[PDB]
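Student: Take this structure, written in structure tokens, and hold onto it; I'll ask about it next.
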Amino acid sequence: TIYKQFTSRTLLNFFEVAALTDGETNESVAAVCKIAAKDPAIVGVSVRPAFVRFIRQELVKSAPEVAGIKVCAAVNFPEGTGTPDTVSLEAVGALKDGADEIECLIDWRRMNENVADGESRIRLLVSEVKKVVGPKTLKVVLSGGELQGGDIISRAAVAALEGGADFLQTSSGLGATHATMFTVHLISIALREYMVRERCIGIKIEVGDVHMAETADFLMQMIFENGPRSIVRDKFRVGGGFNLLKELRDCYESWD
Amino acid sequence: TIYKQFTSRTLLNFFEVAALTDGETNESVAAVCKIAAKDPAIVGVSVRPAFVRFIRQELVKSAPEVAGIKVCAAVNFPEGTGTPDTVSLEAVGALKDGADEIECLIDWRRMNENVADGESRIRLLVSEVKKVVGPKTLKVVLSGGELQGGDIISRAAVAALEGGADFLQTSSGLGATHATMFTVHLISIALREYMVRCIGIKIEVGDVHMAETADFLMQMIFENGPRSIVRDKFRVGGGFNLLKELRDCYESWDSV
Ligand SMILES: [Cl-]
Ligand SMILES: [Cl-]
Ligand SMILES: [Cl-]
Ligand SMILES: [Cl-]
């Protein structure tokens with residue numbers, strides 16, 4: 001239908017595809033980047049810092065179109081257990097290698113031990129990394145390998161904002177835990193309240209391996225919580241998998 | 001479906017409902033305004049100058065939500081037979097009465113008798129009206145419902161731009177014909193070439209249904225880019241029945 005075609009075209013405009021698994025190779029990363037970069041190009045691709053120079057120095061000769069998508073380097077992945085100094089170094093290297101953005105996973109496990117200490121660590125990590133990112137975008141990933149309660153997510157969100165996050169990202173893309181209506185609601189509340197007490201701050205809804213229909217509901221959630229004006233690249237991104245990206249393209253390509 | 005719900009929600013964010021017939025009454029205007037202003041409110045309502053004060057000073061006493069939609073006053077309606085001075089006087093009064101925007105119909109018939117003269121009349125009408133609207137938005141309506149050749153549509157568009165239009169509106173609503181893919185394409189080319197200030201396009205669709213209206217969103221993205229369909233530079237003008245179709249569709253989405 002026209003409605004599915006319009007929804008898929010809109011989703012493509014905000015989409016960021018992940019190529020973050022333990023088993024990625026240059027070949028698997030290249031395949032993902034090629035589909036990301038086909039006109040109309042999506043926003044970007046997320047990879048571990050290892051792959052940035054392959055994409056930016058080598059793949060571009062094979063597939064020049066990849067120059068037209070952003071590369072977002074996933075630092076402190078997959079465990080979130082590095083120190084501010086080491087994660088800052090990862091980010092420095094990623095930016096040198098050609099990354100356009102950084103996504104930084106927090107030490108989410110610390111929130112299970114001592115919330116106050118966990119919040120302190122988030123503020124330090126995020127503020128440290130923001131110093132090396134300069135005016136580029138720093139997305140802070142609030143969840144990793146396990147499901148944590150709403151109160152923890154809310155407190156992680158606030159700490160990340162206080163530390164200087166340019167974007168709050170629901171989830172890493174690894175494991176089984178991704179955005180839910182509940183966590184998108186809590187993250188939206190945290191951001192809304194931070195802006196009232198108060199820069200342009202976004203929300204990235206990372207949906208895992210779900211299909212277009214479920215992804216579309218998150219789009220609707222975002223507009224309901226944060227208004228139509230939030231549906232712009234500086235304030236919104238959708239993170240998903242390769243199969244979801246292929247579904248979106250198949251749908252859009254059916255429009256005459 | 002979620003796809004129809006998202007498309008409906010998107011259209012509500014662009015919508016300007018018409019209540020422009022000579023037969024309108026306080027009662028008919030109130031009915032349209034109530035559906036226009038229901039949360040989430042559409043952009044605005046188009047009325048003749050005679051109903052601006054009614055909406056802004058009186059209706060608001062029983063329907064306070066109406067303060068949250070814009071009132072766009074239709075000047076030189078319904079036939080485009082005024083002079084720059086008579087149309088300026090309508091605009092001045094409408095703005096005094098609380099109008100937020102002005103929608104000015106051109107003397108479209110003049111283009112059929114002599115193109116140069118028709119262009120000259122547009123440029124002087126539009127520039128004179130723009131002087132009184134000041135920083136508020138002036139939309140110039142290029143057609144009153146009669147089918148005119150492509151050369152005419154294109155030249156009327158350029159003359160309206162040179163005259164100072166802030167928006168190009170396809171058609172009046174009270175006319176027998178409305179926006180088509182053909183006219184939107186011509187208007188888009190004219191605006192693109194003129195740009196090589198912020199200028200918008202308003203696609204007035206008459207009494208068509210939601211599906212036909214959706215085709216225009218895809219046309220706009222393809223021809224003018226995804227960034228072209230934002231409220232600041234894009235509007236959809238349509239009837240009360242279309243507004244109700246959109247709102248009914250959106251209200252079927254579960255926000256809980
Ligand atoms: Cl908004
Ligand atoms: Cl559908
Ligand atoms: Cl496109
Ligand atoms: Cl908007």
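Going through the structure tokens in order, the chains are called A, B, and so on, while each chain numbers its residues from 1 and the ligands are numbered from 1 in the order shown.
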List every residue of region 39-141 of chain B that DSSP, applied to the backbone, labels as strand (DSSP E), and write the result as JSON, numbers by chain.
Tutor: {"B": [44, 45, 46, 47, 70, 71, 72, 73, 74, 75, 101, 102, 103, 104, 105, 137, 138, 139, 140, 141]}
Student: Considering only C-alpha atoms and all ligand atoms, tabulate each residue of chain A that lies at most 7 Å from ligand 2 along with its nearest interatomic pair and the corresponding distance in Å to one decimal; arrange the rows by chain and ascending residue number and present them as JSON lines.
Tutor:
```
{"residue": "A:1", "atom": "CA", "partner": "ligand 2", "partner_atom_place_in_ligand_line": "1 (Cl)", "distance": 5.6}
{"residue": "A:3", "atom": "CA", "partner": "ligand 2", "partner_atom_place_in_ligand_line": "1 (Cl)", "distance": 5.0}
{"residue": "A:4", "atom": "CA", "partner": "ligand 2", "partner_atom_place_in_ligand_line": "1 (Cl)", "distance": 5.4}
```
Student: Using only C-alpha atoms for the distances, tell me which of B:195, B:205, B:217, B:242 is nearest to chain A.
Tutor: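 Comparing B:195, B:205, B:217, B:242 against chain A, the winner is B:217.
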Student: For ligand 3, collect every residue having any atom at a distance of at most 8 Å from a ligand atom (counting only C-alpha atoms and all ligand atoms); output as a VMD selection string.
Tutor: (chain A and resid 9 39 to 40) or (chain B and resid 221 to 223 225 to 226)
Student: Within 6 Å of ligand 4, counting only C-alpha atoms and all ligand atoms: which residues, as a VMD selection string?
Tutor: (chain A and resid 228 to 229) or (chain B and resid 230 to 231)
Student: Taking N, CA, C and O atoms for each residue, export the selection above as a short mmCIF file (atom, residue, chain, number, x, y, z; two decimals), in the first residue's frame.
Tutor:
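Okay, this is what ended up in part30.cif:
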```cif
data_model
loop_
_atom_site.label_atom_id
_atom_site.label_comp_id
_atom_site.auth_asym_id
_atom_site.auth_seq_id
_atom_site.Cartn_x
_atom_site.Cartn_y
_atom_site.Cartn_z
N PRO A 228 5.52 15.94 16.74
CA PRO A 228 6.04 15.85 15.37
C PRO A 228 7.37 16.55 15.15
O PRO A 228 8.16 16.14 14.29
N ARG A 229 7.62 17.62 15.89
CA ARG A 229 8.88 18.34 15.72
C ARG A 229 10.09 17.52 16.14
O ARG A 229 11.21 17.85 15.76
N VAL B 230 7.75 19.32 6.41
CA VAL B 230 7.76 19.83 7.78
C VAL B 230 6.78 21.01 7.80
O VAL B 230 6.63 21.74 6.79
N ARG B 231 6.10 21.16 8.94
CA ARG B 231 5.01 22.12 9.06
C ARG B 231 5.39 23.53 8.66
O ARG B 231 4.56 24.26 8.10
#
```
Student: Throw together the list of residues within 9 Å of ligand 1, counting only C-alpha atoms and all ligand atoms, and drop it here as a list in words.
Tutor: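 Taking only C-alpha atoms and all ligand atoms into account, the residues around ligand 1 at most 9 Å away are residues 223, 226, 227, 228, 229, 230 and 231 of chain A; 13 of chain B.
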Student: Restricting the output to N, CA, C and O atoms, write the selected residues as a PDB file, in the first residue's frame.
Tutor:
```pdb
ATOM      1  N   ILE A 223       6.242  10.229  18.242  1.00  0.00           N
ATOM      2  CA  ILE A 223       5.428  11.412  17.941  1.00  0.00           C
ATOM      3  C   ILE A 223       4.465  11.722  19.076  1.00  0.00           C
ATOM      4  O   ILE A 223       4.269  12.868  19.420  1.00  0.00           O
ATOM      5  N   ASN A 226       6.841  12.962  22.132  1.00  0.00           N
ATOM      6  CA  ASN A 226       7.755  14.082  21.912  1.00  0.00           C
ATOM      7  C   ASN A 226       7.373  15.047  20.805  1.00  0.00           C
ATOM      8  O   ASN A 226       8.054  16.063  20.601  1.00  0.00           O
ATOM      9  N   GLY A 227       6.264  14.747  20.135  1.00  0.00           N
ATOM     10  CA  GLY A 227       5.684  15.651  19.143  1.00  0.00           C
ATOM     11  C   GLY A 227       6.268  15.486  17.758  1.00  0.00           C
ATOM     12  O   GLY A 227       7.375  14.959  17.587  1.00  0.00           O
ATOM     13  N   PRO A 228       5.524  15.937  16.737  1.00  0.00           N
ATOM     14  CA  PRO A 228       6.040  15.849  15.372  1.00  0.00           C
ATOM     15  C   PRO A 228       7.369  16.552  15.154  1.00  0.00           C
ATOM     16  O   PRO A 228       8.159  16.139  14.286  1.00  0.00           O
ATOM     17  N   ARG A 229       7.619  17.622  15.889  1.00  0.00           N
ATOM     18  CA  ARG A 229       8.882  18.341  15.725  1.00  0.00           C
ATOM     19  C   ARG A 229      10.086  17.520  16.143  1.00  0.00           C
ATOM     20  O   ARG A 229      11.208  17.851  15.760  1.00  0.00           O
ATOM     21  N   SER A 230       9.869  16.410  16.851  1.00  0.00           N
ATOM     22  CA  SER A 230      10.997  15.578  17.259  1.00  0.00           C
ATOM     23  C   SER A 230      11.405  14.598  16.153  1.00  0.00           C
ATOM     24  O   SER A 230      12.458  13.965  16.256  1.00  0.00           O
ATOM     25  N   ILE A 231      10.599  14.488  15.098  1.00  0.00           N
ATOM     26  CA  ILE A 231      10.883  13.543  14.025  1.00  0.00           C
ATOM     27  C   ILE A 231      11.757  14.219  12.968  1.00  0.00           C
ATOM     28  O   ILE A 231      11.335  14.540  11.878  1.00  0.00           O
TER      29      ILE A 231
ATOM     30  N   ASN B  13      -0.669  16.905  11.295  1.00  0.00           N
ATOM     31  CA  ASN B  13       0.377  17.873  11.590  1.00  0.00           C
ATOM     32  C   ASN B  13       0.579  18.938  10.486  1.00  0.00           C
ATOM     33  O   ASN B  13       1.232  19.945  10.723  1.00  0.00           O
TER      34      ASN B  13
END
```
Student: Counting only C-alpha atoms, collect the residues of chain B whose closest atom lies at most 7 Å from chain A, and write them out as a list in words.
Tutor: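 So the residues of chain B near chain A are residues 2, 3, 4, 6, 7, 214, 215 and 218 of chain B.
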Student: Tell me which of A:155, A:150, A:128, A:19 sits closest to residue 116 (chain A), counting only C-alpha atoms.
Tutor: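 With only C-alpha atoms as the atom set, the closest residue is A:155.
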Student: Report the distance between CA of residue 182 (chain B) and CA of residue 235 (chain B) in Å, rounded to one decimal place.
Tutor: 17.6 Å
Student: Just give me the gap between CA of residue 51 (chain B) and CA of residue 130 (chain B) in Å, one decimal is fine.
Tutor: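 About the pair CA of residue 51 (chain B) and CA of residue 130 (chain B): they are 21.3 Å apart.
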Student: Can you pull out the residues contacting region 65-74 of chain A? Cut-off 6 Å, using only C-alpha atoms, and skip same-chain residues under 6 positions away; I want them as a PDB file with N, CA and C atoms, in the first residue's frame.
Tutor:
```
ATOM      1  N   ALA A  37      23.837   2.219   2.134  1.00  0.00           N
ATOM      2  CA  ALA A  37      24.222   3.342   1.286  1.00  0.00           C
ATOM      3  C   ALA A  37      23.479   3.453  -0.039  1.00  0.00           C
ATOM      4  N   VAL A  43      20.694   6.841   7.545  1.00  0.00           N
ATOM      5  CA  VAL A  43      21.561   7.770   8.254  1.00  0.00           C
ATOM      6  C   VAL A  43      22.994   7.221   8.409  1.00  0.00           C
ATOM      7  N   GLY A  44      23.114   5.988   8.890  1.00  0.00           N
ATOM      8  CA  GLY A  44      24.421   5.446   9.161  1.00  0.00           C
ATOM      9  C   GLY A  44      24.437   4.009   9.561  1.00  0.00           C
ATOM     10  N   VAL A  45      25.648   3.546   9.869  1.00  0.00           N
ATOM     11  CA  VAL A  45      25.919   2.188  10.303  1.00  0.00           C
ATOM     12  C   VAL A  45      26.690   2.263  11.615  1.00  0.00           C
ATOM     13  N   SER A  46      26.400   1.330  12.521  1.00  0.00           N
ATOM     14  CA  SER A  46      27.101   1.189  13.788  1.00  0.00           C
ATOM     15  C   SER A  46      28.043  -0.009  13.738  1.00  0.00           C
ATOM     16  N   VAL A  47      29.311   0.222  14.047  1.00  0.00           N
ATOM     17  CA  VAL A  47      30.312  -0.838  14.105  1.00  0.00           C
ATOM     18  C   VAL A  47      31.216  -0.626  15.311  1.00  0.00           C
ATOM     19  N   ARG A  48      31.920  -1.684  15.722  1.00  0.00           N
ATOM     20  CA  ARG A  48      32.949  -1.531  16.749  1.00  0.00           C
ATOM     21  C   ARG A  48      34.108  -0.765  16.118  1.00  0.00           C
ATOM     22  N   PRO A  49      34.921  -0.060  16.938  1.00  0.00           N
ATOM     23  CA  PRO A  49      36.003   0.769  16.404  1.00  0.00           C
ATOM     24  C   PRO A  49      36.967   0.056  15.464  1.00  0.00           C
ATOM     25  N   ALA A  99      35.348   7.918  11.850  1.00  0.00           N
ATOM     26  CA  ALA A  99      33.983   7.851  12.389  1.00  0.00           C
ATOM     27  C   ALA A  99      33.363   9.242  12.483  1.00  0.00           C
ATOM     28  N   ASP A 100      32.054   9.318  12.271  1.00  0.00           N
ATOM     29  CA  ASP A 100      31.325  10.588  12.368  1.00  0.00           C
ATOM     30  C   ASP A 100      30.641  10.811  13.712  1.00  0.00           C
ATOM     31  N   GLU A 101      30.322   9.721  14.392  1.00  0.00           N
ATOM     32  CA  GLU A 101      29.623   9.749  15.664  1.00  0.00           C
ATOM     33  C   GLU A 101      30.176   8.652  16.557  1.00  0.00           C
ATOM     34  N   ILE A 102      29.878   8.764  17.853  1.00  0.00           N
ATOM     35  CA  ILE A 102      30.273   7.768  18.844  1.00  0.00           C
ATOM     36  C   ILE A 102      29.050   7.346  19.629  1.00  0.00           C
ATOM     37  N   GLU A 103      28.910   6.037  19.834  1.00  0.00           N
ATOM     38  CA  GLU A 103      27.874   5.504  20.728  1.00  0.00           C
ATOM     39  C   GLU A 103      28.631   4.823  21.867  1.00  0.00           C
ATOM     40  N   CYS A 104      28.361   5.279  23.085  1.00  0.00           N
ATOM     41  CA  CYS A 104      29.076   4.834  24.263  1.00  0.00           C
ATOM     42  C   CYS A 104      28.174   4.074  25.227  1.00  0.00           C
TER      43      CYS A 104
END
```
Student: Contacts of residue 64 (chain A) at 12 Å or less, counting only C-alpha atoms, minus same-chain residues fewer than 5 places along, as a PyMOL selection string?
Tutor: chain A and resi 30+33-34+37-38+55-59+69
Student: Report the residues of region 115-248 of chain A whose backbone DSSP state falls under alpha helix (DSSP H), written as a ChimeraX atom specification.
Tutor: /A:115-133,150-163,181-197,212-226,242-248
Student: Applying 12 Å and only C-alpha atoms, which residues near region 114-116 of chain B remain after dropping the ones on its own chain fewer than 4 positions away? List them as a PyMOL selection string.
Tutor: chain B and resi 107-110+120-123+148-149+151-156+158-159
Student: Selected residues, C-alpha atoms, written as a PDB file, in the first residue's frame, please.
Tutor:
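Once written, selection32.pdb looks like this:
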```
ATOM      1  CA  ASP B 107      -6.713  37.257 -10.567  1.00  0.00           C
ATOM      2  CA  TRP B 108      -6.068  33.977 -12.372  1.00  0.00           C
ATOM      3  CA  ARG B 109      -8.317  34.915 -15.295  1.00  0.00           C
ATOM      4  CA  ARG B 110      -5.857  37.578 -16.377  1.00  0.00           C
ATOM      5  CA  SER B 120       2.327  42.147 -13.592  1.00  0.00           C
ATOM      6  CA  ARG B 121      -1.018  42.147 -11.769  1.00  0.00           C
ATOM      7  CA  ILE B 122       0.121  39.227  -9.570  1.00  0.00           C
ATOM      8  CA  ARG B 123       3.380  40.909  -8.624  1.00  0.00           C
ATOM      9  CA  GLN B 148      -5.046  26.332 -17.014  1.00  0.00           C
ATOM     10  CA  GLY B 149      -1.996  25.332 -19.069  1.00  0.00           C
ATOM     11  CA  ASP B 151       3.063  27.602 -18.904  1.00  0.00           C
ATOM     12  CA  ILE B 152       0.425  29.667 -17.023  1.00  0.00           C
ATOM     13  CA  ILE B 153       0.741  27.776 -13.738  1.00  0.00           C
ATOM     14  CA  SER B 154       4.506  28.072 -13.874  1.00  0.00           C
ATOM     15  CA  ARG B 155       4.412  31.783 -14.701  1.00  0.00           C
ATOM     16  CA  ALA B 156       1.806  32.539 -12.015  1.00  0.00           C
ATOM     17  CA  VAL B 158       7.118  32.723 -10.438  1.00  0.00           C
ATOM     18  CA  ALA B 159       5.214  36.018 -10.393  1.00  0.00           C
TER      19      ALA B 159
END
```
Student: Find the residues around residue 77 (chain B) up to 9 Å (only C-alpha atoms counted), leave out those fewer than 2 positions away in its own chain, and share them as a list in words.
Tutor: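 That gives residues 20, 48, 74, 75, 79, 80, 81, 82, 104, 105, 106, 144 and 172 of chain B.
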Student: With N, CA and C atoms retained, export the selected residues as a PDB file, in the first residue's frame.
Tutor:
```
ATOM      1  N   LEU B  20     -14.871  27.986   4.033  1.00  0.00           N
ATOM      2  CA  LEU B  20     -14.770  29.148   3.140  1.00  0.00           C
ATOM      3  C   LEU B  20     -15.966  29.505   2.301  1.00  0.00           C
ATOM      4  N   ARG B  48     -13.159  33.093   5.630  1.00  0.00           N
ATOM      5  CA  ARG B  48     -13.210  34.456   5.103  1.00  0.00           C
ATOM      6  C   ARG B  48     -12.987  35.419   6.286  1.00  0.00           C
ATOM      7  N   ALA B  74      -8.808  34.178   4.246  1.00  0.00           N
ATOM      8  CA  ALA B  74      -8.806  34.088   2.786  1.00  0.00           C
ATOM      9  C   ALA B  74      -9.234  35.429   2.190  1.00  0.00           C
ATOM     10  N   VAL B  75      -8.297  36.099   1.531  1.00  0.00           N
ATOM     11  CA  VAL B  75      -8.539  37.440   0.951  1.00  0.00           C
ATOM     12  C   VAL B  75      -8.555  37.348  -0.580  1.00  0.00           C
ATOM     13  N   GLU B  79     -13.323  34.960  -6.173  1.00  0.00           N
ATOM     14  CA  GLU B  79     -13.038  35.083  -7.606  1.00  0.00           C
ATOM     15  C   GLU B  79     -11.778  35.813  -8.015  1.00  0.00           C
ATOM     16  N   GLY B  80     -11.055  36.426  -7.075  1.00  0.00           N
ATOM     17  CA  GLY B  80      -9.790  37.100  -7.409  1.00  0.00           C
ATOM     18  C   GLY B  80      -9.984  38.392  -8.179  1.00  0.00           C
ATOM     19  N   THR B  81     -11.119  39.058  -7.939  1.00  0.00           N
ATOM     20  CA  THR B  81     -11.542  40.253  -8.660  1.00  0.00           C
ATOM     21  C   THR B  81     -11.235  41.593  -7.978  1.00  0.00           C
ATOM     22  N   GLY B  82     -10.526  41.550  -6.862  1.00  0.00           N
ATOM     23  CA  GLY B  82     -10.164  42.785  -6.167  1.00  0.00           C
ATOM     24  C   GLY B  82      -9.010  43.557  -6.787  1.00  0.00           C
ATOM     25  N   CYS B 104      -4.101  34.619  -0.121  1.00  0.00           N
ATOM     26  CA  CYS B 104      -4.542  35.567  -1.134  1.00  0.00           C
ATOM     27  C   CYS B 104      -4.719  34.916  -2.512  1.00  0.00           C
ATOM     28  N   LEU B 105      -5.930  34.967  -3.041  1.00  0.00           N
ATOM     29  CA  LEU B 105      -6.195  34.452  -4.375  1.00  0.00           C
ATOM     30  C   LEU B 105      -5.770  35.495  -5.403  1.00  0.00           C
ATOM     31  N   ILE B 106      -5.137  35.037  -6.474  1.00  0.00           N
ATOM     32  CA  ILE B 106      -4.763  35.899  -7.575  1.00  0.00           C
ATOM     33  C   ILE B 106      -5.913  36.083  -8.570  1.00  0.00           C
ATOM     34  N   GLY B 144      -8.197  29.239  -8.999  1.00  0.00           N
ATOM     35  CA  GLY B 144      -9.555  29.314  -8.445  1.00  0.00           C
ATOM     36  C   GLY B 144     -10.421  28.161  -8.978  1.00  0.00           C
ATOM     37  N   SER B 172      -7.803  27.102  -4.605  1.00  0.00           N
ATOM     38  CA  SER B 172      -8.685  27.737  -3.643  1.00  0.00           C
ATOM     39  C   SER B 172      -9.494  26.887  -2.673  1.00  0.00           C
TER      40      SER B 172
END
```
